[PDB]
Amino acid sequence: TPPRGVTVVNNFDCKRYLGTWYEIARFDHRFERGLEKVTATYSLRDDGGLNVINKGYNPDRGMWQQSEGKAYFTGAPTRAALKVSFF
């Protein structure tokens, strides 16, 4: 469920959202803290969800790292509300 009172894009065109985005800013959580040059890449699955690849540069490791997730719409795919789980 989205937070109470927030807007959610309601004419979402999932196909135009696919591909690579740069993370300009974030609220800091353990999972992303310290990562630089962070990108998010979305692709469409056959089952109608999205594959998510979050990549960033970890200067402590000196390494690029990525985490892969599966996202599903919680309703209409024209409504930009999804839930993501990471493997």
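We number the residues from 1 along the sequence you see.
In the PDB entry, residue 61 places in the middle third of its chain by CA B-factor. Residue-level temperature factors show residue 37 in the lowest third of its chain, judged at the C-alpha atom.
When the modelled residues of the chain are ordered by C-alpha B-factor, residue 14 sits in the highest third. Annotation for residue 53: CA B-factor lies in the lowest third of the chain's modelled residues.
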